[PDB]
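Student: Structure for the following, please:
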Amino acid sequence: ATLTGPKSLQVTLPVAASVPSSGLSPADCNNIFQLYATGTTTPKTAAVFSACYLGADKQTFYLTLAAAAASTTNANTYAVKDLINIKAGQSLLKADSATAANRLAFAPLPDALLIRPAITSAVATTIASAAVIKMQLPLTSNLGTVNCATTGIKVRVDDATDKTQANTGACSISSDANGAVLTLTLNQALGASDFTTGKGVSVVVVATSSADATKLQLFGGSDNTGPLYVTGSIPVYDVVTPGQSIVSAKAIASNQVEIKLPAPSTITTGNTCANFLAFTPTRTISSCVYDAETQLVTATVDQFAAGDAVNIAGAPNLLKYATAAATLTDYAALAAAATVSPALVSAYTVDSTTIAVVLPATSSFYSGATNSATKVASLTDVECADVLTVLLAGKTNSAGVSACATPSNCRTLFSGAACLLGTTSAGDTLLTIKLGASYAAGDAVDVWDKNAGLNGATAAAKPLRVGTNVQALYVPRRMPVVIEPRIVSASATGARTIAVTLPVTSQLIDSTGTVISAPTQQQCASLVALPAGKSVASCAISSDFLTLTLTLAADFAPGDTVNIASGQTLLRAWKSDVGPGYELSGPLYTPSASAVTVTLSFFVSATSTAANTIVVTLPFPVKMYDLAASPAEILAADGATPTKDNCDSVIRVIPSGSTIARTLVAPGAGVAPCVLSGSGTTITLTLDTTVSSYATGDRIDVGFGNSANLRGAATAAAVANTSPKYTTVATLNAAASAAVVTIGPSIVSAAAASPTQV
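Tutor: Residues are numbered from 1 along each chain as shown. Coordinates below:
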């Protein structure tokens, strides 16, 4: 465990783990961890945490405290020398194994754990001649010795060189009852470009000790009885000749921007972010939210457009950063404003081989990195491997490197044109990618540093931009995206039953951990939003866990539509074995942008009336059409009737036992493969007797998808060229569908031989 800031805490775990995926309330993380007063075993009773969340890599935890860390005993907040343990009998944090029983809840240590403070930040307040670096500490702290050495504390530039230091007096402290600051002095000058090329400047604590000399000595509280500090590395930002008064800004939404400050900040009373920020062009700021400390600001803005920039307002006494024990100093504007860079917004499912990613501004690809490049509408996977990466659960990118250098960490990509966005004339805000494998619950997507050339990488030969071929390139986000699943299609089967395909294995799960066996009439009405006036009662899931059905309480009609209700509590993504977790919280399907219309997949009956004639009765009228962007119209003429391919593409007759289709009679004088009755409820099929003839057990089915379609509606008058249509099948001879129906034989004719014989 580590206390990283005045109100921040952090916990590590041995193996990958999981938590309620909807997030934990303040009442929840007071029921996972506890803080002991030093030297006792009765844990603190009051509420000591106020927020919580688990890091992406499933091996770090983040906590927030009710009040700032105390230098003396406090009954309601972290007091120096405290310990942390796991509350007995808890079930909110469980491991991952890929086997059902091996998801055991984290259990208490037999002994409590002592927390350890760490350094927070570092800003250079002098760079000409001997540079000076100042750091914020998380509480009252003290320095064992003032003579620092390189082997204890460093300052490194671009992971290639190290700066020299003075033998004695190279460090100092300034502390009171409510905070501390630490200073390191150098003996060389830091060039202005040292903070821009490559990885910049960072302070490295190589070693720390309680008695040794070459290792930095630093402790919490007032004296040496307090805990020892920890190793680590911190970034260093220039604020003296301002080059990093703002580190960076990124566009996480079309109406939110995230500007990152280089150190914790304080705001003067009766003031807001509408005061201490500026844009170019100018934008209105309507709201703000500050994280635990004040180092990140998210602002609600009216618009984001390419070419934007940010800066700190010129009015003094607005935004301050601590430089001494009880001293604050004001930020200063930049010579050139920070350029806002774009980033991905969100992602959702389309099917099992493709996904989509929402964008905050028009963007396009380019043929090169020069200022004469031209737009391209796609990339081959070799090139599109230099822009983004699709990550399996628990995987993340690193500084200047990708997780896909080891192929197991990332999904594969279709061997060919894999990246698609925009055209050769303009950009777009929706991006689509083709995978060489299927989507597994828990996938993410992000941009890595080879695109913009950040952190010592190399810029790609074919980059993605927001705007023209000179405007800002896309930059990585802080955490990977959380691709969301949603239903795929809603073909409606016979007369009281819908069937909704799902992109990945799923199941209902109750509000307290069980998997619902009997849905109960009350809880099936609240799964799905339907058109007003029709109530669902009874629902279920398929044996394969890839379909939900619904027994409507009244007869079904065309035009009805199904969408996932907003805020529903039960239906989740799930497979009893594949996916680690439960309803602890989180996975709960979400509505579609548009209610999905339900197609048609069921006939009513069928009869045989010859060796080469079959009748198929339908539930709702229908009219034939064409696959063009606008379906054309009904049957044309008694001669040259819908050609063989047309009927072949809307219906089929299938032998029992095998699925090889019989050949319909070729068009000719009075010979029409399929004749659609004027009523619209019947279609007749005449086979070809030179290839095969009717045989028992033959089944009717929907047809291929070459050149035709069938669109029906409530009444013949109501039919139009946009109406709900009938589904089709993948190949000429395929694996049947849920529309198959058996043929019942019957008469061909009769003829009397005598007065009492027929």
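
Student: When you work out contacts or count neighbours from here on, use the C-alpha atoms and nothing else.
Tutor: Will do.

Student: can I assume residue 362 sits in a helix?
Tutor: No - under DSSP: H, G, I helix; E, B strand; the rest coil, residue 362 sits outside any helix and is assigned strand.

Student: Over to the residue nearest the centre of the chain. Which of the three states is it?
Tutor: For the chain, the residue lying nearest the average C-alpha position, counting by Cα atoms, centre = their mean, turns out to be residue 482 (1.9 Å). Following three-state DSSP, the label given to residue 482 is coil.

Student: My read is that it contacts residue 441, right?
Tutor: No - with contact defined as Cα atoms under 8 Å, residue 482 does not reach residue 441; the gap is 9.6 Å.

Student: Show residues contacting stretch 489-501.
Tutor: Under the criterion Cα atoms under 8 Å, 6 or more residues apart in numbering, residues 487-488, 502, 546-557, 562, 596-603, 727, 738-739 lie in contact with stretch 489-501.

Student: same thing with stretch 299-317?
Tutor: When contacts are taken as Cα under 8 Å, 6+ apart, the neighbours of stretch 299-317 outside the stretch itself are 246, 249, 251, 254-258, 268, 273, 275-281, 283-289, 330-334, 337-340, 360-361, 466-467, 471-472.

Student: Show me these that map onto helices.
Tutor: The helices in this structure, assigned by DSSP state H, contain none of the contacts of stretch 299-317.

Student: returning to that earlier point: buried subset of the contacts of stretch 489-501?
Tutor: Among the contacts of stretch 489-501, those scoring as buried are 487-488, 502, 546-552, 556, 562, 596-603, 727, 739 (criterion: 16 or more other Cα atoms under 10 Å).

Student: My guess is residue 10 contacts residue 2. True?
Tutor: Yes - counting by Cα under 8 Å, residue 10 touches residue 2, with 5.3 Å between them.

Student: I'd guessed residue 208 sits against residue 219; true?
Tutor: No - when contacts are counted by Cα under 8 Å, residue 208 is not listed as touching residue 219 (10.1 Å).

Student: who has more neighbours, these two?
Tutor: Under the criterion of other Cα atoms under 10 Å, the comparison of residue 208 against residue 219 puts residue 219 first, with 25 against 20.

Student: which element follows whatever helix or strand that one lives in toward the C-terminus?
Tutor: When elements are defined using DSSP states H and E, residue 219 is found to belong to strand 218-220. Counting by DSSP H and E, the next helix or strand C-terminal to strand 218-220 is strand 232-238.

Student: Okay, buried residues for that following strand please.
Tutor: Applying 16+ other Cα under 10 Å to strand 232-238 flags 233, 234, 235, 236, 237, 238 as buried.

Student: would JSON lines of these with distance to residue 164 be doable?
Tutor: Listed next are these as JSON lines, based on distance: Cα to Cα, whole Å:
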{"residue": "233", "distance to residue 164": "18"}
{"residue": "234", "distance to residue 164": "18"}
{"residue": "235", "distance to residue 164": "18"}
{"residue": "236", "distance to residue 164": "16"}
{"residue": "237", "distance to residue 164": "19"}
{"residue": "238", "distance to residue 164": "19"}
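
Student: closest to residue 640 among those?
Tutor: Distances from these to residue 640 were compared by Cα to Cα; the smallest belongs to residue 235, at 77.6 Å.

Student: Excluding chain neighbours, give the residue nearest to the closest one in space.
Tutor: Taking Cα to Cα, 6 or more residues apart in numbering as the measure, residue 235 lies nearest to residue 202, with 4.3 Å between them; neighbours along the chain are not counted.

Student: I figured that neighbour hits residue 155, correct?
Tutor: Yes - applying Cα under 8 Å as the test, residue 202 and residue 155 come out as touching, 5.8 Å apart.

Student: which SSE is the residue nearest to residue 235 in?
Tutor: Taking DSSP H and E as the criterion, residue 202 maps to strand 201-205.

Student: Need the CA coordinates for that strand. PDB is fine.
Tutor: Taking Å, rounded to 0.1, in the frame of the first residue of the first chain, the C-alpha atoms of strand 201-205 are listed here in PDB:
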ATOM      1  CA  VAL A 201      13.000  15.300 -17.500                       C
ATOM      2  CA  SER A 202      12.100  13.200 -14.500                       C
ATOM      3  CA  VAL A 203      13.300  12.700 -10.900                       C
ATOM      4  CA  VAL A 204      14.200   9.100  -9.900                       C
ATOM      5  CA  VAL A 205      14.500   8.000  -6.300                       C
END
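
Student: which other residues reach that strand?
Tutor: The contact list for strand 201-205 (Cα under 8 Å, 6+ apart) reads 122, 152-158, 194-195, 216, 231-237.

Student: Could you list the paired strands of it along with their orientation?
Tutor: Paired neighbours of strand 201-205 in the sheet (DSSP bridges): strand 153-157 (antiparallel), strand 232-238 (antiparallel).

Student: would you list those in JSON lines and tack on distance to residue 612?
Tutor: Putting the strands paired with strand 201-205 into JSON lines (distance: least, Cα to Cα, whole Å) gives the following:
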{"stretch": "strand 153-157", "distance to residue 612": "85"}
{"stretch": "strand 232-238", "distance to residue 612": "82"}
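
Student: Figure out which of the ones you listed is closest to residue 523.
Tutor: Shortest distance between residue 523 and the strands paired with strand 201-205, using Cα to Cα, is found for strand 232-238: 51.8 Å.

Student: which residues are contacting the closest one?
Tutor: Residues lying outside strand 232-238 but in contact with it, judged by Cα under 8 Å, 6+ apart, are 118-125, 133, 195, 200-206, 243-245, 247, 262.

Student: Could you rerun that using 7 Å?
Tutor: The contact list for strand 232-238, computed with Cα atoms under 7 Å, 6 or more residues apart in numbering, reads 121, 122, 123, 124, 125, 201, 202, 203, 204, 205, 244, 262.

Student: Excluding residues flanking it in the chain, which one is nearest the second one?
Tutor: The shortest distance from residue 122 to any residue that is not its chain neighbour, by Cα to Cα, 6+ apart, is 4.5 Å, and that residue is residue 135.

Student: did I read that right, that neighbour in a strand?
Tutor: Yes - in this structure, residue 135 lies within a strand as judged by three-state DSSP.

Student: No further queries at this time; thank you.
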